[PDB]
Amino acid sequence: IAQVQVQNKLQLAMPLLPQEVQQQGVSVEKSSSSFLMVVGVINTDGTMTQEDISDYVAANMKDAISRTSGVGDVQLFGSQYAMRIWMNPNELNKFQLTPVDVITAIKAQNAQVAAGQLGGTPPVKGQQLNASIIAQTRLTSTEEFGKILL
Amino acid sequence: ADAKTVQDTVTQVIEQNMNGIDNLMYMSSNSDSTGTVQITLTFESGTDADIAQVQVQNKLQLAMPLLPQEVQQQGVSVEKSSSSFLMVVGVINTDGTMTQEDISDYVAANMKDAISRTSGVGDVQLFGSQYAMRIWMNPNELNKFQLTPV
Amino acid sequence: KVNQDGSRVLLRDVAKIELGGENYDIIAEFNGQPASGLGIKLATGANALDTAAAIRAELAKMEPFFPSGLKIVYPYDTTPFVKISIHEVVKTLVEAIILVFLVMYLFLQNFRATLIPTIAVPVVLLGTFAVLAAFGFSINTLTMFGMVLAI
Amino acid sequence: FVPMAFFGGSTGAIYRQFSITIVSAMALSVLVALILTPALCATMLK
Amino acid sequence: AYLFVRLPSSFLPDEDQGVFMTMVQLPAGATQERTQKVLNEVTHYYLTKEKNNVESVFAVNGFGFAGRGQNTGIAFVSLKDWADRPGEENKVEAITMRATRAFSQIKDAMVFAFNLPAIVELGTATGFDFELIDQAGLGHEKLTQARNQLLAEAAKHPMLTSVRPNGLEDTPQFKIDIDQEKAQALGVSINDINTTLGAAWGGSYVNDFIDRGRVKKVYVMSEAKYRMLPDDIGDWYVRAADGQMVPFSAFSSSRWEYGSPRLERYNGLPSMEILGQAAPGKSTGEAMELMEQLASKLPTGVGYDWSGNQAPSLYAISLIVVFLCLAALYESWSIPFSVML
Amino acid sequence: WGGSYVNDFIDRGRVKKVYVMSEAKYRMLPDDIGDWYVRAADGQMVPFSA
């Protein structure tokens with residue numbers, strides 16, 4: 001009940017936080033200032049960078065444990081992957097472009113859009129086919145982000 | 001939204017931000033092409049549903065800020081499942097006839113708003129839908145005037 | 001918008017405007033006749049019978065202001081079963097008493113002696129109910145068969 | 001009764017209620033068969 | 001022993017509650033009309049050939065139990081008070097029997113009927129709810145494949161069984177490719193392109209408005225006769241920087257694909273539910289075991305997950321409280337055995 | 001210099017983030033502030049140091 005309270009007033013605060021923050025990570029847990037089960041993971045055979053692992057663990061284990069038997073708070077020593085796009089001043093300029101363009105370009109060529117469906121909710125008497133319409137789809141591979149037309 | 005979109009645009013966001021809830025057996029997810037997801041969490045027998053609900057829905061608050069704006073402004077709920085109805089008060093008309101939509105509205109605008117609050121009614125189902133200002137566009141006309149839905 | 005010749009372009013010209021359903025996905029038909037009702041669902045830990053009782057209690061004040069024709073009907077319901085279950089079980093209780101009474105008389109000629117048993121279990125059953133509540137338990141289907149049985 | 005009364009899983013109150021309800025009825029019928037029955041049986045039987 | 005070993009087990013008895021129901025599940029792609037037709041026949045089977053039983057029906061199109069969609073459709077029944085139903089045929093059991101048969105014969109879809117299990121939604125014994133999880137990064141396709149292979153083997157060699165998927169039919173979908181290039185060339189903004197393809201075919205929640213007091217919604221979509229067939233995609237034109245309309249087909253492109261109308265995920269992982277009942281000869285435990293050893297043969301990345309077992313211990317506890325109590329008043333180590341027989 | 005959370009993207013099933021920052025060799029020393037130029041109304045770049 002304590003947690004419920006201390007975090008339902010935060011809800012009254014959220015609407016007044018930098019949008020960057022609001023979309024970022026906001027949490028409210030039960031402190032314990034002390035770990036215990038520290039399942040460290042490494043690799044022997046098919047070697048994989050100390051980042052290649054971090055990701056894996058945080059994408060098959062951490063998502064779980066962070067929910068298993070009242071686990072107050074799970075710590076991920078590292079970080080899960082992410083589509084990283086390291087910009088380059090010169091290039092951007094050598095083409096007359098600013099990060100803003102890179103961002104806007106991404107938030108345009110990388111996003112899923114909702115489209116109705118053949119045989120709309122209220123059809124016309126006699127409609128025999130009802131198929132859902134697929135629109136844009138979030139990219140997947142790195143190559144795809146490379147082919148982002150700026 | 002289609003089965004694909006919602007599955008990893010409204011669903012996955014929640015699921016991931018869904019962890020660290022005292023007591024919990026599992027978490028099933030259904031992403032209907034109807035553009036409607038419905039995650040369910042079953043807690044150990046005996047767990048006070050009141051506090052349980054509070055939890056499972058105060059982490060969602062940590063997810064909300066990361067959901068399609070269309071969704072955020074749409075319907076988001078967190079109740080106590082019961083996979084079974086009981087009192088099914090069906091309504092019809094005899095004298096002053098009124099379409100099977102003219103009724104739906106009425107019920108959902110004098111009764112449903114109530115019952116959905118009366119004596120711990122877990123969840124009320126409205127077989128139909130309340131009215132709404134419907135504006136059915138017409139391609140030609142819009143074009144015959146150089147205009148888009150926007 | 002307004003075209004060159006000051007000709008106004010009202011939405012009324014580019015789209016058919018009408019007050020209609022918010023969602024045309026489900027249509028309910030009560031006996032081939034158009035309709036729509038309220039499919040109530042309980043909440044994890046509801047009092048069911050208590051709820052449904054109130055469902056009709058709340059939906060009771062709406063009846064006085066319904067429009068011409070708008071009437072109510074009760075499809076798929078439970079109540080009748082809960083009530084019938086009680087009435088039946090309780091009935092068996094009575095029958096059990098009247099029977100043990102005879103089987104008592106046919107062995108204890110004394111119409112006076114054949115009264116203790118008949119007055120024994122009553123005080124016992126009531127006590128059970130009193131104890132059940134003392135544990136939060138209620139008149140459940142099981143908690144009842146136990147009575148009839150224990151009788 | 002009481003032993004098996006140790007319900008479990010979903011069959012909790014299931015076997016529980018039945019068992020206890022009868023056991024409660026027991027002690028009751030017992031006390032009655034030690035207070036009411038005896039007294040009544042004594043007070044007037046013949 | 002024999003009369004106790006061969007005596008079948010069951011949780012709680014399923015009985016007539018004067019109220020049963022039947023669900024309809026048209027094929028893949030079925031329309032609100034197609035399904036409504038099936039519902040009618042169903043509704044009247046009870047309305048005409050069951051008057052001595054049925055007191056009322058409540059058909060609902062588009063509201064299935066598996067989920068939502070023009071494919072499904074439920075129908076609440078309500079039989080006349082038990083009294084008016086003498087014959088053992090007028091009881092849910094019989095009624096629902098001939099009922100299920102009738103539909104199975106004069107239908108082109110899937111219609112059934114079932115007595116409301118007075119028990120609980122869960123816990124029915126002699127049955128199972130298998131779950132096929134996608135442990136590895138396998139795709140929905142690969143997962144679907146495994147499911148087929150699993151249900152296959154199971155059926156391949158049923159002491160039998162009875163397995164089937166949860167409901168993921170997987171119907172065709174209409175994919176629309178918006179060439180960003182041509183769009184950014186013809187002078188049309190992607191935003192406008194989508195918002196129009198959306199608001200048009202899927203409508204959109206604009207703003208709110210007050211209606212006779214209460215505040216309701218305001219939607220903007222489009223007449224159906226302009227969003228029924230894929231050919232209609234053309235009817236919609238978008239504005240352009242050069243203040244001129246543009247054929248949607250100028251930056252458009254289309255092609256039908258195959259997607260599942262329902263994506264299931266068990267514990268944050270893509271999964272697929274497999275509802276199967278224990279063999280007709282064997283039982284739950286036996287079945288499940290001889291079920292797990294099957295799923296344990298699917299390709300890498302494909303995993304799985306899901307009286308009373310307490311009796312053996314409960315009575316055991318009784319095998320103590322008894323012998324002990326049978327001494328607190330019968331001390332002698334003799335009496336404690338007498339009644340024991 | 002501090003990157004930013006742009007949008008999300010699906011990676012081998014799971015949905016992950018999408019960040020936009022910059023190579024380090026262009027954000028290690030204060031002198032690098034110049035390397036970055038901003039656009040202008042008059043469709044022309046501008047030295048950040050302007």
# chains A, B, ... in the order shown; residues from 1 in each chain; ligands from 1
>>> residues_around(residues="residue 148 of chain B", least_positions_apart="3", cutoff="10 Å", atoms="only C-alpha atoms", output="ChimeraX atom specification")
/B:137-139,141-143,145 /C:14 /E:192-193,195-196,199-200,236-239,245
>>> write_last_selection(atoms="N, CA and C atoms", output="PDB file, in the first residue's frame")
ATOM      1  N   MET B 137     -16.775  10.285 -44.834  1.00  0.00           N
ATOM      2  CA  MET B 137     -16.206  11.026 -45.951  1.00  0.00           C
ATOM      3  C   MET B 137     -16.475  10.389 -47.308  1.00  0.00           C
ATOM      4  N   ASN B 138     -16.247  11.174 -48.359  1.00  0.00           N
ATOM      5  CA  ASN B 138     -16.436  10.729 -49.736  1.00  0.00           C
ATOM      6  C   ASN B 138     -15.287  11.222 -50.614  1.00  0.00           C
ATOM      7  N   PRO B 139     -14.419  10.299 -51.050  1.00  0.00           N
ATOM      8  CA  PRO B 139     -13.257  10.586 -51.895  1.00  0.00           C
ATOM      9  C   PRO B 139     -13.520  11.669 -52.930  1.00  0.00           C
ATOM     10  N   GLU B 141     -15.979  13.897 -53.657  1.00  0.00           N
ATOM     11  CA  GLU B 141     -16.256  15.213 -53.092  1.00  0.00           C
ATOM     12  C   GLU B 141     -14.999  15.881 -52.546  1.00  0.00           C
ATOM     13  N   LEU B 142     -14.286  15.184 -51.668  1.00  0.00           N
ATOM     14  CA  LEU B 142     -13.066  15.733 -51.089  1.00  0.00           C
ATOM     15  C   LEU B 142     -12.130  16.211 -52.192  1.00  0.00           C
ATOM     16  N   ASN B 143     -12.000  15.401 -53.238  1.00  0.00           N
ATOM     17  CA  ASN B 143     -11.134  15.735 -54.361  1.00  0.00           C
ATOM     18  C   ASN B 143     -11.759  16.817 -55.237  1.00  0.00           C
ATOM     19  N   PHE B 145     -12.986  19.124 -54.589  1.00  0.00           N
ATOM     20  CA  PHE B 145     -12.783  20.406 -53.925  1.00  0.00           C
ATOM     21  C   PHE B 145     -11.326  20.557 -53.502  1.00  0.00           C
TER      22      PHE B 145
ATOM     23  N   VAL C  14     -18.778  17.265 -48.509  1.00  0.00           N
ATOM     24  CA  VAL C  14     -17.730  16.283 -48.766  1.00  0.00           C
ATOM     25  C   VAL C  14     -17.877  14.985 -47.983  1.00  0.00           C
TER      26      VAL C  14
ATOM     27  N   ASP E 192       0.599  12.991 -44.296  1.00  0.00           N
ATOM     28  CA  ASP E 192      -0.697  13.124 -44.954  1.00  0.00           C
ATOM     29  C   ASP E 192      -1.112  11.824 -45.632  1.00  0.00           C
ATOM     30  N   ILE E 193      -0.153  11.164 -46.271  1.00  0.00           N
ATOM     31  CA  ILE E 193      -0.425   9.911 -46.956  1.00  0.00           C
ATOM     32  C   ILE E 193      -1.037   8.903 -45.994  1.00  0.00           C
ATOM     33  N   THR E 195      -2.178   9.313 -42.577  1.00  0.00           N
ATOM     34  CA  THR E 195      -3.375   9.844 -41.940  1.00  0.00           C
ATOM     35  C   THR E 195      -4.603   9.765 -42.846  1.00  0.00           C
ATOM     36  N   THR E 196      -4.392   9.825 -44.156  1.00  0.00           N
ATOM     37  CA  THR E 196      -5.510   9.740 -45.086  1.00  0.00           C
ATOM     38  C   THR E 196      -5.871   8.278 -45.322  1.00  0.00           C
ATOM     39  N   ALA E 199      -7.526   7.436 -41.532  1.00  0.00           N
ATOM     40  CA  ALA E 199      -8.824   8.053 -41.307  1.00  0.00           C
ATOM     41  C   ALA E 199      -9.870   7.553 -42.295  1.00  0.00           C
ATOM     42  N   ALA E 200      -9.436   7.239 -43.510  1.00  0.00           N
ATOM     43  CA  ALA E 200     -10.345   6.761 -44.546  1.00  0.00           C
ATOM     44  C   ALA E 200     -10.812   5.329 -44.323  1.00  0.00           C
ATOM     45  N   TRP E 236      -8.900   7.517 -53.555  1.00  0.00           N
ATOM     46  CA  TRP E 236      -8.348   8.498 -52.628  1.00  0.00           C
ATOM     47  C   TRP E 236      -7.107   9.208 -53.146  1.00  0.00           C
ATOM     48  N   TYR E 237      -7.170  10.537 -53.185  1.00  0.00           N
ATOM     49  CA  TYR E 237      -6.054  11.347 -53.659  1.00  0.00           C
ATOM     50  C   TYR E 237      -5.528  12.264 -52.558  1.00  0.00           C
ATOM     51  N   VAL E 238      -4.207  12.402 -52.496  1.00  0.00           N
ATOM     52  CA  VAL E 238      -3.567  13.240 -51.489  1.00  0.00           C
ATOM     53  C   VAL E 238      -3.103  14.570 -52.075  1.00  0.00           C
ATOM     54  N   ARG E 239      -3.048  15.591 -51.227  1.00  0.00           N
ATOM     55  CA  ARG E 239      -2.611  16.920 -51.636  1.00  0.00           C
ATOM     56  C   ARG E 239      -1.107  16.887 -51.871  1.00  0.00           C
ATOM     57  N   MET E 245      -3.758  17.758 -56.277  1.00  0.00           N
ATOM     58  CA  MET E 245      -4.057  16.405 -55.821  1.00  0.00           C
ATOM     59  C   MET E 245      -3.057  15.423 -56.410  1.00  0.00           C
TER      60      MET E 245
END
>>> residues_around(residues="residue 11 of chain D", least_positions_apart="3", cutoff="10 Å", atoms="only C-alpha atoms", output="number ranges by chain")
D: 7-8, 14-16; E: 11, 123, 307-308, 310
>>> write_last_selection(atoms="C-alpha atoms", output="mmCIF file, in the first residue's frame")
data_model
loop_
_atom_site.group_PDB
_atom_site.id
_atom_site.type_symbol
_atom_site.label_atom_id
_atom_site.label_comp_id
_atom_site.auth_asym_id
_atom_site.auth_seq_id
_atom_site.Cartn_x
_atom_site.Cartn_y
_atom_site.Cartn_z
ATOM 1 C CA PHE D 7 -7.352 -28.390 1.519
ATOM 2 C CA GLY D 8 -5.093 -27.333 -1.328
ATOM 3 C CA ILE D 14 -14.092 -27.449 -1.724
ATOM 4 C CA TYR D 15 -13.018 -30.252 0.612
ATOM 5 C CA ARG D 16 -12.482 -27.624 3.307
ATOM 6 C CA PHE E 11 -14.228 -33.156 -9.903
ATOM 7 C CA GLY E 123 -9.991 -27.576 -13.684
ATOM 8 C CA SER E 307 -10.351 -36.230 -5.889
ATOM 9 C CA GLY E 308 -6.968 -34.544 -5.575
ATOM 10 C CA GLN E 310 -3.518 -34.182 -1.833
#
>>> interface_residues(of="chain E", to="chain B", cutoff="8 Å", atoms="only C-alpha atoms", output="PyMOL selection string")
chain E and resi 60+67-69+121+192+195-196+199-200+205+209+214+216-223+226+235-239+244-245+260-268
>>> select_by_dssp(residues="chain A", states="helix (DSSP H, G or I)", output="ChimeraX atom specification")
/A:2-6,10-12,14-16,19-22,52-57,62-65,89-93,99-109,142-146
>>> interface_residues(of="chain A", to="chain B", cutoff="8 Å", atoms="only C-alpha atoms", output="JSON, numbers by chain")
{"A": [1, 4, 7, 8, 11, 22, 23, 25, 26, 27, 63, 64, 66, 67, 68, 69, 70, 71, 72, 73, 112, 113, 114, 115, 116, 132, 133, 134, 137]}
>>> closest_atom_pairs(of="chain C", to="chain B", cutoff="7 Å", atoms="only C-alpha atoms", output="CSV")
residue,atom,partner,partner_atom,distance
C:13,CA,B:141,CA,6.9
C:14,CA,B:141,CA,4.7
C:15,CA,B:137,CA,3.9
C:16,CA,B:136,CA,5.1
C:17,CA,B:135,CA,4.4
C:18,CA,B:134,CA,5.4
C:19,CA,B:133,CA,4.9
C:20,CA,B:131,CA,5.1
C:21,CA,B:131,CA,4.5
C:22,CA,B:132,CA,5.0
C:23,CA,B:129,CA,5.9
C:26,CA,B:128,CA,5.5
C:27,CA,B:128,CA,5.7
C:28,CA,B:127,CA,6.1
C:34,CA,B:100,CA,4.8
C:35,CA,B:92,CA,4.8
C:36,CA,B:104,CA,5.3
C:37,CA,B:90,CA,3.4
C:38,CA,B:89,CA,4.8
C:39,CA,B:88,CA,4.3
C:40,CA,B:124,CA,4.5
C:41,CA,B:85,CA,4.4
C:42,CA,B:122,CA,4.1
C:43,CA,B:122,CA,3.6
C:44,CA,B:80,CA,5.1
C:46,CA,B:120,CA,6.4
C:51,CA,B:119,CA,5.1
C:52,CA,B:87,CA,5.9
C:54,CA,B:119,CA,6.0
C:55,CA,B:115,CA,6.3
C:58,CA,B:118,CA,6.7
C:59,CA,B:111,CA,6.5
C:68,CA,B:96,CA,5.1
C:69,CA,B:95,CA,3.9
C:70,CA,B:93,CA,4.1
C:71,CA,B:93,CA,5.4
C:72,CA,B:91,CA,4.5
C:73,CA,B:90,CA,5.2
C:74,CA,B:89,CA,5.2
C:75,CA,B:88,CA,6.0
C:76,CA,B:88,CA,6.0
C:77,CA,B:87,CA,5.3
C:78,CA,B:86,CA,5.7
>>> residues_around(residues="residue 92 of chain C", least_positions_apart="2", cutoff="12 Å", atoms="only C-alpha atoms", output="JSON, numbers by chain")
{"C": [85, 86, 87, 88, 89, 90, 94, 95, 96, 97, 98, 99, 144, 145, 147, 148, 149, 151]}
>>> interface_residues(of="chain A", to="chain C", cutoff="10 Å", atoms="only C-alpha atoms", output="PDB file with C-alpha atoms, in the first residue's frame")
ATOM      1  CA  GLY A 120     -14.800  -1.972 -43.080  1.00  0.00           C
ATOM      2  CA  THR A 121     -16.576  -2.253 -39.737  1.00  0.00           C
ATOM      3  CA  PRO A 122     -19.930  -1.416 -41.344  1.00  0.00           C
ATOM      4  CA  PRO A 123     -19.846  -3.108 -44.769  1.00  0.00           C
TER       5      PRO A 123
END
>>> interface_residues(of="chain F", to="chain B", cutoff="12 Å", atoms="only C-alpha atoms", output="NGL selection string")
:F and (5-11 or 13-17)
>>> write_last_selection(atoms="N, CA and C atoms", output="compact mmCIF listing (two decimals), in the first residue's frame")
# COMPACT_ATOMS: atom_id res chain seq x y z
N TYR F 5 16.69 9.48 -27.63
CA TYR F 5 15.78 8.36 -27.86
C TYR F 5 14.83 8.78 -28.98
N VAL F 6 15.08 8.27 -30.18
CA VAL F 6 14.25 8.60 -31.34
C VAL F 6 12.93 7.85 -31.36
N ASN F 7 12.96 6.63 -31.90
CA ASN F 7 11.78 5.79 -32.00
C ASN F 7 12.21 4.38 -31.60
N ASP F 8 11.32 3.41 -31.75
CA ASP F 8 11.64 2.02 -31.42
C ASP F 8 11.73 1.19 -32.70
N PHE F 9 12.25 -0.03 -32.58
CA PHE F 9 12.38 -0.91 -33.73
C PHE F 9 12.39 -2.35 -33.27
N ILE F 10 11.84 -3.24 -34.09
CA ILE F 10 11.80 -4.66 -33.74
C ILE F 10 13.11 -5.36 -34.09
N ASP F 11 13.69 -6.03 -33.10
CA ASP F 11 14.94 -6.74 -33.27
C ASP F 11 14.77 -8.21 -32.89
N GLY F 13 12.48 -10.20 -32.99
CA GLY F 13 11.30 -10.42 -32.17
C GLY F 13 11.04 -9.32 -31.16
N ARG F 14 11.91 -9.22 -30.16
CA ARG F 14 11.76 -8.20 -29.12
C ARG F 14 11.86 -6.79 -29.67
N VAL F 15 11.16 -5.86 -29.04
CA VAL F 15 11.18 -4.47 -29.46
C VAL F 15 12.23 -3.71 -28.65
N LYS F 16 13.19 -3.10 -29.34
CA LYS F 16 14.25 -2.35 -28.66
C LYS F 16 14.26 -0.88 -29.06
N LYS F 17 15.19 -0.11 -28.50
CA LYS F 17 15.28 1.32 -28.78
C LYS F 17 16.06 1.69 -30.03
>>> interface_residues(of="chain D", to="chain C", cutoff="6 Å", atoms="only C-alpha atoms", output="VMD selection string")
chain D and resid 17 to 18 22 24 to 25 28 to 29 45
>>> write_last_selection(atoms="N, CA and C atoms", output="CSV table (one decimal), in the first residue's frame")
chain,number,residue,atom,x,y,z
D,17,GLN,N,-14.7,-26.6,3.4
D,17,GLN,CA,-16.0,-26.3,3.9
D,17,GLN,C,-16.7,-27.6,4.3
D,18,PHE,N,-16.9,-28.5,3.4
D,18,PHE,CA,-17.5,-29.8,3.7
D,18,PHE,C,-17.0,-30.4,5.0
D,22,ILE,N,-19.0,-30.1,8.8
D,22,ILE,CA,-19.4,-31.3,9.5
D,22,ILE,C,-18.7,-31.4,10.8
D,24,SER,N,-17.6,-29.0,12.6
D,24,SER,CA,-18.2,-28.0,13.5
D,24,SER,C,-19.5,-28.5,14.0
D,25,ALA,N,-20.3,-29.0,13.1
D,25,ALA,CA,-21.6,-29.6,13.4
D,25,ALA,C,-21.4,-30.7,14.4
D,28,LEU,N,-20.6,-29.3,18.0
D,28,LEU,CA,-21.9,-28.7,18.4
D,28,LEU,C,-22.8,-29.9,18.8
D,29,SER,N,-23.0,-30.8,17.9
D,29,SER,CA,-23.9,-32.0,18.3
D,29,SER,C,-23.4,-32.6,19.5
D,45,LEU,N,-38.2,-37.7,29.7
D,45,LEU,CA,-38.0,-38.7,28.7
D,45,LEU,C,-39.1,-39.8,28.8
>>> atom_distance(atom1="atom CA of residue 12 of chain C", atom2="atom CA of residue 124 of chain A")
21.5 Å
>>> atom_distance(atom1="atom CA of residue 297 of chain E", atom2="atom CA of residue 257 of chain E")
29.6 Å
>>> select_by_dssp(residues="segment 12-124 of chain C", states="strand (DSSP E)", output="number ranges by chain")
C: 15-21, 27-30, 33-41, 70-73
>>> closest_residue(among="A:74, A:21, A:87, A:129", to="chain F", atoms="only C-alpha atoms")
A:87
>>> closest_atom_pairs(of="chain E", to="chain A", cutoff="6 Å", atoms="only C-alpha atoms", output="tab-separated table")
residue	atom	partner	partner_atom	distance
E:29	CA	A:130	CA	5.1
E:31	CA	A:128	CA	5.8
E:173	CA	A:132	CA	5.5
E:174	CA	A:133	CA	4.8
E:175	CA	A:134	CA	4.7
E:176	CA	A:135	CA	5.7
E:198	CA	A:115	CA	4.8
E:201	CA	A:116	CA	4.2
E:202	CA	A:116	CA	3.4
E:224	CA	A:123	CA	5.6
E:228	CA	A:119	CA	4.8
E:229	CA	A:118	CA	6.0
>>> closest_atom_pairs(of="chain D", to="chain B", cutoff="10 Å", atoms="only C-alpha atoms", output="JSON lines")
{"residue": "D:8", "atom": "CA", "partner": "B:45", "partner_atom": "CA", "distance": 9.9}
{"residue": "D:9", "atom": "CA", "partner": "B:45", "partner_atom": "CA", "distance": 7.7}
{"residue": "D:10", "atom": "CA", "partner": "B:45", "partner_atom": "CA", "distance": 7.7}
{"residue": "D:12", "atom": "CA", "partner": "B:45", "partner_atom": "CA", "distance": 9.5}
>>> interface_residues(of="chain E", to="chain C", cutoff="8 Å", atoms="only C-alpha atoms", output="list in words")
residues 17, 19, 20, 40, 43, 44, 47, 56, 57, 58, 59, 60, 61, 62, 63, 69, 70, 76, 77, 78, 217, 219, 222 and 223 of chain E
>>> residues_around(residues="residue 290 of chain E", least_positions_apart="5", cutoff="12 Å", atoms="only C-alpha atoms", output="list in words")
residues 128, 130, 150, 153, 154, 157, 158, 159, 160, 161, 278, 279, 282, 283, 284, 285, 295 and 296 of chain E
>>> decode(residues="segment 7-62 of chain B", atoms="C-alpha atoms", output="PDB file, in the first residue's frame")
ATOM      1  CA  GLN B   7       1.328  -6.875 -30.888  1.00  0.00           C
ATOM      2  CA  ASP B   8       4.549  -4.842 -30.835  1.00  0.00           C
ATOM      3  CA  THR B   9       3.271  -1.279 -30.494  1.00  0.00           C
ATOM      4  CA  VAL B  10       0.761  -1.453 -27.636  1.00  0.00           C
ATOM      5  CA  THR B  11       1.325  -4.962 -26.296  1.00  0.00           C
ATOM      6  CA  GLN B  12       5.056  -5.669 -26.019  1.00  0.00           C
ATOM      7  CA  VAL B  13       5.566  -2.186 -24.578  1.00  0.00           C
ATOM      8  CA  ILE B  14       3.268  -3.067 -21.680  1.00  0.00           C
ATOM      9  CA  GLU B  15       4.510  -6.636 -21.195  1.00  0.00           C
ATOM     10  CA  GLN B  16       8.099  -5.440 -20.920  1.00  0.00           C
ATOM     11  CA  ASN B  17       7.193  -2.604 -18.558  1.00  0.00           C
ATOM     12  CA  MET B  18       5.222  -5.315 -16.747  1.00  0.00           C
ATOM     13  CA  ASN B  19       7.473  -6.877 -14.106  1.00  0.00           C
ATOM     14  CA  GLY B  20       8.048  -6.802 -10.360  1.00  0.00           C
ATOM     15  CA  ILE B  21       4.480  -7.463  -9.251  1.00  0.00           C
ATOM     16  CA  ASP B  22       4.228  -9.271  -5.904  1.00  0.00           C
ATOM     17  CA  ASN B  23       2.784 -12.723  -6.577  1.00  0.00           C
ATOM     18  CA  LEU B  24       1.952 -13.800 -10.122  1.00  0.00           C
ATOM     19  CA  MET B  25       1.614 -17.136 -11.900  1.00  0.00           C
ATOM     20  CA  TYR B  26       1.866 -16.123 -15.555  1.00  0.00           C
ATOM     21  CA  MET B  27       1.041 -13.531 -18.208  1.00  0.00           C
ATOM     22  CA  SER B  28      -0.845 -14.362 -21.416  1.00  0.00           C
ATOM     23  CA  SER B  29      -1.263 -11.942 -24.310  1.00  0.00           C
ATOM     24  CA  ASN B  30      -3.708 -11.698 -27.202  1.00  0.00           C
ATOM     25  CA  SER B  31      -3.247  -9.224 -30.036  1.00  0.00           C
ATOM     26  CA  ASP B  32      -6.413  -9.246 -32.131  1.00  0.00           C
ATOM     27  CA  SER B  33      -6.258  -7.927 -35.690  1.00  0.00           C
ATOM     28  CA  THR B  34      -9.246  -5.889 -34.536  1.00  0.00           C
ATOM     29  CA  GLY B  35      -6.462  -3.724 -33.167  1.00  0.00           C
ATOM     30  CA  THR B  36      -7.165  -4.798 -29.607  1.00  0.00           C
ATOM     31  CA  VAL B  37      -4.757  -6.411 -27.151  1.00  0.00           C
ATOM     32  CA  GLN B  38      -5.675  -7.772 -23.730  1.00  0.00           C
ATOM     33  CA  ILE B  39      -2.900  -8.894 -21.394  1.00  0.00           C
ATOM     34  CA  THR B  40      -3.927 -11.046 -18.439  1.00  0.00           C
ATOM     35  CA  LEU B  41      -2.044 -11.799 -15.217  1.00  0.00           C
ATOM     36  CA  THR B  42      -3.211 -14.580 -12.895  1.00  0.00           C
ATOM     37  CA  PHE B  43      -2.127 -14.204  -9.272  1.00  0.00           C
ATOM     38  CA  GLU B  44      -1.680 -17.000  -6.732  1.00  0.00           C
ATOM     39  CA  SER B  45      -4.933 -18.166  -5.159  1.00  0.00           C
ATOM     40  CA  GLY B  46      -5.554 -16.057  -2.076  1.00  0.00           C
ATOM     41  CA  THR B  47      -3.817 -12.891  -3.251  1.00  0.00           C
ATOM     42  CA  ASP B  48      -5.917  -9.812  -2.469  1.00  0.00           C
ATOM     43  CA  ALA B  49      -7.138  -8.775  -5.915  1.00  0.00           C
ATOM     44  CA  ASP B  50      -7.417  -5.174  -4.711  1.00  0.00           C
ATOM     45  CA  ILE B  51      -3.706  -4.673  -4.029  1.00  0.00           C
ATOM     46  CA  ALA B  52      -2.826  -7.014  -6.898  1.00  0.00           C
ATOM     47  CA  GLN B  53      -4.745  -4.895  -9.390  1.00  0.00           C
ATOM     48  CA  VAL B  54      -3.158  -1.755  -7.982  1.00  0.00           C
ATOM     49  CA  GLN B  55       0.275  -3.193  -8.774  1.00  0.00           C
ATOM     50  CA  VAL B  56      -0.311  -4.691 -12.220  1.00  0.00           C
ATOM     51  CA  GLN B  57      -1.806  -1.346 -13.235  1.00  0.00           C
ATOM     52  CA  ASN B  58       0.673   1.099 -11.704  1.00  0.00           C
ATOM     53  CA  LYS B  59       3.507  -0.312 -13.805  1.00  0.00           C
ATOM     54  CA  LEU B  60       1.275   0.187 -16.827  1.00  0.00           C
ATOM     55  CA  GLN B  61       1.424   3.837 -15.780  1.00  0.00           C
ATOM     56  CA  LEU B  62       5.147   3.493 -16.400  1.00  0.00           C
TER      57      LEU B  62
END
